[PDB]
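First comes one chain, alone, set out as structure tokens in the form deposited in one PDB entry.
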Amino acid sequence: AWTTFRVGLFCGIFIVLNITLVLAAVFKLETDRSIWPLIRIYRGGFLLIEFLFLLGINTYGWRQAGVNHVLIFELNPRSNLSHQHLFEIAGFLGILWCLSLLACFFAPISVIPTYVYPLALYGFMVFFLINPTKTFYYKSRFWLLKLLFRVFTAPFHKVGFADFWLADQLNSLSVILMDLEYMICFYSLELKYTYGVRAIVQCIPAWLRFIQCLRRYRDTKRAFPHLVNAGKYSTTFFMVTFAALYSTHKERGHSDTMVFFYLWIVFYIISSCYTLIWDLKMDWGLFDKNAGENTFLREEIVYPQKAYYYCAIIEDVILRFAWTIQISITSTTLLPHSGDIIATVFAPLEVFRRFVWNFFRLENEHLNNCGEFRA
């Protein structure tokens, strides 16, 4: 009962603080200050809070539908985080994020500069994730720490479902790593263009998934689907490389900009179509020839409404193109005027797309064992 009460309390405090932030931004903020570094700095924390909240909704939906995510994730049948616990953590972190932003906007006691409050927020987030004390969700935290270590050294633990899945979530959360790189650049040079390092950081999650697919292929020696998956995860390498080359040959003045633009366009189309088709046919497994009366769906559907699947198909079709364009914009000077806002609009939309994708990927795993992670 105390968990539900804490969830309600954090939700109410968060709602009031968000209303306060809107009012303060409209009035106190007025129209001044290159506030954009602040937006980039707080966007990643906001996206993590949104991801945690949507993951709570995902867990509730899995449990209600009967998807056995505890077995698929290889977790203990019992003593496992519920959706209320994820809501609680998300509410607490949202409260801390709101307070940090409110201080950054209201200019609190002058002894501590305003450039510490985002630092304090992220430092507390890291310490809460990493503290060795056995106090706050310590089992879940240690499991997540081991999974993150396994994922970032991807070539060498052999890939289970959770590894695979966290790497894909990262592929939907690459904006946080770019925000960290931007934070490192801004706090160092400008103090509290288009370069290869930023493109590498942008490609890092795709690199993790790609090398995981390569490891799975050397474990199983099956060209399909692991090498096809690797090609899918290399399409973004090609797209980012060509976008960066086009921005370099457009900031320098070279006449070879058009060719780099055309390869970027064709590879953007290829990446979008590749990921969309993999989402529709492999991850969710739809448009199956065995669909009797569930047109364009598969024979077995667990979720009650058939309209959910059609709406999900439409939203995924739109949002995959949105995601490819946002990856192109963030890592590349391609759109130097509107890109900024586009990225801020699109990143929560991509988190929402990953949230929708989680339902149907987990359902496909439950039914047809689409990942081949079970014997």
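Rigid core here is just the name for the largest C-alpha set that superposes within 1.5 Å across the two forms. Numbers for residues come from their place in the sequence shown, where the first is 1.
K.L.:
Might you work out how many residues are unmodelled in the deposited sequence between residue 192 and residue 193, and answer none, 1 to 3, 4 to 9, or 10 or more?
P.N.:
10 or more residues lack coordinates between residue 192 and residue 193.
Unshown form deposited in another entry; subsequent notes refer to it.
K.L.:
Superpose on the rigid core and name the single residue from 38, 52, 334, 70 whose Cα moves by 2 angstroms or more between the shown form and the other one.
P.N.:
The displaced C-alpha is that of 334.
K.L.:
So that I can tell if residue 323 moves, could you say whether its C-alpha shifts by at least 2 Å between the shown form and the other one after the core superposition?
P.N.:
After core superposition, the displacement of the residue 323 C-alpha between the shown form and the other one reaches the 2 Å mark, so yes.
K.L.:
With both forms fitted on the core, give yes or no for whether the Cα of residue 281 moves by 2 angstroms or more between the shown form and the other one.
P.N.:
The answer is no; the displacement is under 2 Å.
K.L.:
Is the C-alpha displacement of residue 255 equal to or greater than 2 Å between the shown form and the other one once the rigid core has been superposed?
P.N.:
Yes: residue 255 shifts by at least 2 Å between the shown form and the other one.
K.L.:
Could you tell me whether residue 370 and residue 65 have their C-alpha atoms closer or farther apart in the other entry than in the shown form, knowing the shift is 3 angstroms or more?
P.N.:
Residues converge in the other entry, at least 3 Å closer.
K.L.:
Since the C-alpha distance between residue 326 and residue 96 changes by 3 Å or more in the other entry, give its direction relative to the shown form: closer or farther.
P.N.:
It is farther: the C-alpha separation of residue 326 and residue 96 rises by at least 3 Å in the other entry.
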